[PDB]
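The structure appears below as structure tokens.
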Amino acid sequence: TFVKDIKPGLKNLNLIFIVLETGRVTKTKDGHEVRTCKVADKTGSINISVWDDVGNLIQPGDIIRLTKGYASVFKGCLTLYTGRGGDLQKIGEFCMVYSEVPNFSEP
Amino acid sequence: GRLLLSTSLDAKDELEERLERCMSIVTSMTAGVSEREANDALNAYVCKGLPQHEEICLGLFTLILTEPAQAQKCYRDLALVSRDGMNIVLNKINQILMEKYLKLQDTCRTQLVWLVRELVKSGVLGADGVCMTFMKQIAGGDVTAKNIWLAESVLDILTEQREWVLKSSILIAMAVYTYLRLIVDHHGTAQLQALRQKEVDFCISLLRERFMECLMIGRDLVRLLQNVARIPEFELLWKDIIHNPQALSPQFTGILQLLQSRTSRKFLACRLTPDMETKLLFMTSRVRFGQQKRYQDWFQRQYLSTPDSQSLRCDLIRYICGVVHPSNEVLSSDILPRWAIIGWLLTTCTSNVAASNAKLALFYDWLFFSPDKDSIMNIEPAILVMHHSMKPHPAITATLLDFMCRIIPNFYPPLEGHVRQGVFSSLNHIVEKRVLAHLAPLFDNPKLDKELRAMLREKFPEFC
DNA sequence: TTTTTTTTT
């Protein structure tokens, strides 16, 4: 699976991407930290929103494997997420080619 | 994990998982039993076959890294049960050093140093190789506590076992190259000064006793010696190099023959950590030109953002010129060219001295360039960065041009003639190989300087 | 307790 294949409502998404940017942390009303990370493939880029502590571990340049991801539209923006029973795992850094475009998370 | 530091984000390390499996195999036979009974059990098990032999050796190895109170016993058992002179262990050490060193737990690092020293004393085959791989993990431009610890730790092994070091010509040259370079970084605290003195004495003794072996380094040895010339021990060494070279060796005529000898690539490479190399090689082979910004930012953030890191920059530059010689296919593609990498690195300099050292490193193979002995790929980045910076950043073109002229009488004044000849040969050969067809439009470009455009239209008549 | 087709205006 590639970034370009991601569609609203799809689940059990398994793919690899490199992170380009980590956004600022916001807090949900029940106390969770959330941050948006821009990640990319050779087929383009998409935002992933990451809750809680793993969100602070992620760094730009990280090559990450997502398992059991799902996708949904938040504020007009197609967004990627870690599902129940899924996880994010860093498997390398820096050495991955990617395209910024298209940005599948643009409203 | 017992070997490596891991966050909850980190994937499980396959190598760590395999070593832990082996340790647990050894442990199943050694726990709850006497030491004689344990050795009988391991002996038996190893005899079953060659994969069992690997399991046991790797197991004992991992116990040495993870159980310091069992380490001496386990090395003894390792030496006893090993059938391949500990070769499988040496490969795994090199693998750990090249791939895992940054994630290696403090205990495991401490233990690995202990193990290598124990390997040297035992006269194990390939130990010198392991020491060189170890030295490569000591990062230039890094005075963090852990890095300094490694510098001193490896130095202590080398000095205590100097007789053994003398058996390895390559290890002599490599140790001298490594420590001559690190000495530049070691000042600012009492701790750093005390380590520098030990590094000075060590390098001096090898240079004087084994000069000829040190010469296999080639001309970059001079660059390193200039950078430490004001240290008293080295001033003495210089007057011997300049005035009576014969004391150093009957086969050493003088500094010129050393300047006319190319630097071997393994020396330029040993001053980049595995991670530095992997990143630069990736940038110069896979990154499309126009797409390099985030890669540069990521590299800069990790390696070039501290004041202490400034010295690392000449190593990167010598590495780009002398080690990275891209195929014809890469050169004819849209891949990030070497000159753009060089241009990027030059802009990260934060002082005039750093800038000057960076420029010298860039032009270093120009100085005594002979077209039949030297590679044109070593001198290509400088001319290409000058050329391609004409329009966009004419500041860079100007200053490098200025340096190219002024380095001729200044680099080493008693050899201005030779240096002049070198720069001329470089320029000529750059035309003959069509790296840059015409040298004239670089010296009259309207976007240049009042004084410089004049200084150019003089220093070489052949380019109007 | 592994959050998770999550996110106050």
Side-chain angles (χ1 to χ4, degrees), chain A residues 1-94 96 98-107, chain B residues 1-21 23-24 66 100 102-108 294 297-298:
Chain A
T1 311
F2 291 108
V3 165
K4 79 181 213 307
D5 299 312
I6 300 171
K7 302 281 168 296
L10 291 198
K11 50 175 306 189
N12 299 317
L13 299 177
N14 304 312
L15 66 151
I16 287 162
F17 47 68
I18 174 158
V19 2
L20 309 187
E21 270 161 11
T22 49
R24 45 175 286 277
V25 189
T26 54
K27 272 278 190 86
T28 65
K29 67 193 172 193
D30 62 346
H32 297 258
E33 289 185 317
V34 190
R35 66 165 91 217
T36 301
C37 298
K38 174 182 194 73
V39 309
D41 242 351
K42 77 197 177 169
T43 73
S45 72
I46 200 180
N47 295 342
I48 182 176
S49 301
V50 179
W51 272 246
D52 307 313
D53 291 335
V54 57
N56 298 320
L57 300 175
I58 300 172
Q59 299 300 306
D62 284 348
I63 299 176
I64 290 188
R65 182 189 309 276
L66 165 58
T67 55
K68 272 160 185 175
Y70 67 95
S72 176
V73 171
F74 180 71
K75 300 189 187 296
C77 298
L78 174 58
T79 307
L80 182 63
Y81 300 96
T82 305
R84 176 164 297 103
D87 64 1
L88 290 172
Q89 282 183 10
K90 163 166 172 169
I91 56 167
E93 69 183 33
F94 194 102
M96 175 169 174
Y98 68 89
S99 167
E100 299 236 355
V101 297
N103 175 2
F104 294 107
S105 301
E106 62 198 20
Chain B
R2 321 222 56 230
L3 291 178
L4 305 186
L5 269 152
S6 304
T7 77
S8 65
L9 174 64
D10 286 323
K12 57 110 168 278
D13 186 287
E14 170 169 31
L15 173 156
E16 178 179 55
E17 187 186 272
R18 164 129 188 92
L19 300 185
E20 284 170 350
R21 188 176 303 124
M23 178 171 58
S24 104
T66 65
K100 312 304 192 179
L102 298 180
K103 285 167 67 192
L104 197 58
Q105 285 184 39
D106 283 325
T107 288
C108 300
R294 304 187 188 266
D297 296 348
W298 300 335

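Order of the sequence lines fixes the chain letters, A, B, ..., with proteins taken first and strands second; residue numbering starts at 1 for each chain. Excluded from the calculations below are hydrogen atoms, water molecules and symmetry mates; all remaining heavy atoms, backbone and side chain alike, are included.
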Looking at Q105(B) and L4(B), would you say the former's side chain and the latter's main chain have a donor-acceptor pair under 3.5 Å?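 Here the side-chain-to-backbone pair exists.
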Using a 5.5 Å cut-off between ring centres and planes within 30 degrees, is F74(A) stacked on the base of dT7(C)?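 Yes.
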Does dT6(C) have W51(A) stacked on its base, where the ring centres are within less than 5.5 Å and the planes differ by under 30°?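 The base of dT6(C) is stacked with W51(A) (centres under 5.5 Å, planes under 30°).
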Any side-chain N or O of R84(A) under 4.0 Å from OP1/OP2 of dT3(C)?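 Answer is yes, contact under 4.0 Å.
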Measuring from the side chain of [X] (C-beta onward, heavy atoms only), which nucleotide among [options] has the closest atom?
X	options	answer
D52(A)	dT4(C), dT3(C), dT8(C)	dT3(C)
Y70(A)	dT3(C), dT6(C), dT7(C)	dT6(C)
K29(A)	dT5(C), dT7(C), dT8(C)	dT8(C)

Euclidean distance, atom CD of residue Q89(A) to atom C1' of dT2(C) [Å, nearest integer]: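 Atom CD in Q89(A) sits about 13 Å away from atom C1' in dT2(C).
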Point-to-point distance, once rounded to the nearest 0.5 Å, from CZ of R35(A) to OG of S49(A):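 The CZ atom of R35(A) sits 11.5 Å away from the OG atom of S49(A).
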Looking at CD1 of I46(A) and CG of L78(A), how far apart are the two atoms once the value is rounded to the nearest 0.5 Å?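 Rounded to the nearest 0.5 Å, the CD1-CG separation comes to 4.0 Å.
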Assign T28(A) to base, sugar-phosphate, or nothing according to its heavy-atom contacts below 4.0 angstrom with the strands shown.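 Counting heavy atoms under 4.0 Å across all strands, the contact made by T28(A) is with sugar-phosphate only.
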Per the side-chain hydrogen bond (donor to acceptor under 3.5 Å, both in side chains) rule, what does the pair list look like for residues 61-82 of chain A, sequence neighbours excluded?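 Of all non-adjacent pairs touching residues 61-82 of chain A, those that pass side-chain hydrogen bond (donor to acceptor under 3.5 Å, both in side chains) are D62(A)-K90(A), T67(A)-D87(A).
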The single option from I48(A), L88(A), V50(A), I64(A) passing side chain to side chain contact (heavy atoms under 4.5 Å, CB included) against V19(A):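 Going through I48(A), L88(A), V50(A), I64(A) one by one, the side chain to side chain contact (heavy atoms under 4.5 Å, CB included) with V19(A) is satisfied by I64(A) alone.
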Got more than 12 heavy atoms from elsewhere within 6.0 Å of CG, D5(A)?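 Atom CG in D5(A) is packed in, count exceeds 12.
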Under the side chain to side chain donor-acceptor pair (under 3.5 Å) test, which residues partner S99(A), sequence neighbours left out?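 If we apply the side chain to side chain donor-acceptor pair (under 3.5 Å) test to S99(A), skipping adjacent residues, there are no hits.
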Torsion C1'-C2'-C3'-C4' of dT6(C), interpreted as north if positive, south if negative: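 South pucker for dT6(C).
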Mind checking the P distance from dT4(C) to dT8(C)? Whole angstroms is fine.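 That atom pair is separated by 13 Å.
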Residue whose nearest DNA chain C nucleotide is more 5′ - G85(A) or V50(A):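 Residue closer to the 5' terminus by nearest nucleotide: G85(A).
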Return the residues of residues 8-26 of chain A meeting this criterion: a heavy atom under 4.0 Å from some atom of DNA chain C. Order them by number, or give none.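 The answer is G9(A), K11(A).
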